[PDB]
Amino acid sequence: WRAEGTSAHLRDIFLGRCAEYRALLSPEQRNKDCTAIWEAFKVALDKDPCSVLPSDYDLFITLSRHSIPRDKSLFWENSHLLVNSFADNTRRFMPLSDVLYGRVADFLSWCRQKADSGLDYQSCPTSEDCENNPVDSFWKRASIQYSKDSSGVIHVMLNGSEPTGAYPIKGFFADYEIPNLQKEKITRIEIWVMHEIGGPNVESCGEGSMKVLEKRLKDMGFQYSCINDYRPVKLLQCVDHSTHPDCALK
């Protein structure tokens, strides 16, 4: 297996994060059973590391699902840490990592041993090793639910400094999120193409892969808009480059 092995203390972390998140839920939906959610989740840990399907996580989603505020969804590519920091634990936005079922798995890895009941802490399969591995099937199931339950203005943070372009035509956003958005429930889709401070401008709005994305969204009937280096996010990036000209204040 060419992927990271199971995360140490997976259970304590999972339950801990689930417990903390409940407070972020409104009383009406605050009644969640972290123990039951964990039990449903670990069903993938009793199966062959290459035989886990997205649907195996149906119960897990059923027990952890909650509503996502209108206009607060944030999709992304190649911008993991910036998305989490900008979202600020649901205070500004609610990316999947800030939704209960995504929150319990952010940064984690897991899989059972090939021929043993115990968890494999050495390594886990990648899509390359085999398509139906625990982690990929989880994020497929999770991104599908996240997308279906989003409404209002859809925000997407892309990395304009990524060498392969801002929009990967193959991946979760393209293959599992875009196809599951509820057109009738969506106002418009707004893209933020972020560039590293001084970093390279590989692609900006309307260039390369961005043209492909723009065309697909528009062909699907979505109202579209793209912003290069959306200011609120640029300011966050600048916190670590305060003396850089791109970050100088008037």
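Numbering starts at 1 and follows the sequence shown.
**Asked** Do the CA atoms of 20-28 or those of 223-231 have the higher mean B-factor in the entry?
**Response** Of 223-231 and 20-28, the stretch with the higher C-alpha B-factor average is 20-28.
When the Cα temperature factors in the entry are averaged, is it 56-64 or 181-189 that ends up higher? The stretch with the larger mean CA B-factor is 181-189.
Exercise for review: Name the residue from 45, 194, 213, 36 with the greatest C-alpha temperature factor listed in the entry.
Suggested key: Highest CA B-factor of the listed options: 45.
Deposited CA B-factor, highest of 97, 85, 123, 79 = Answer for 97, 85, 123, 79: 123, with the highest C-alpha B-factor.
Should residue 170 be placed in the lowest, middle or highest third of its chain by the C-alpha B factor in the entry? Within its chain, residue 170 is a highest-third residue by C-alpha B-factor, going by the deposited values.
Based on the deposited C-alpha B factors for this chain, I'd like to know if residue 204 is in the lowest, middle or highest third. For residue 204, whose C-alpha B-factor we compare with every modelled residue in the chain, the answer is the lowest third.
Assigned third (lowest, middle, highest) for the C-alpha B factor of residue 119: It belongs to the highest third of the chain when residues are ordered by C-alpha B-factor.
- For residue 148, does the deposited CA B-factor place it in the lowest, middle or highest third of the chain? Its C-alpha B-factor belongs to the middle third of this chain's values.
**Asked** What third of its chain's C-alpha B-factors does residue 133 belong to: lowest, middle or highest?
**Response** Middle third.
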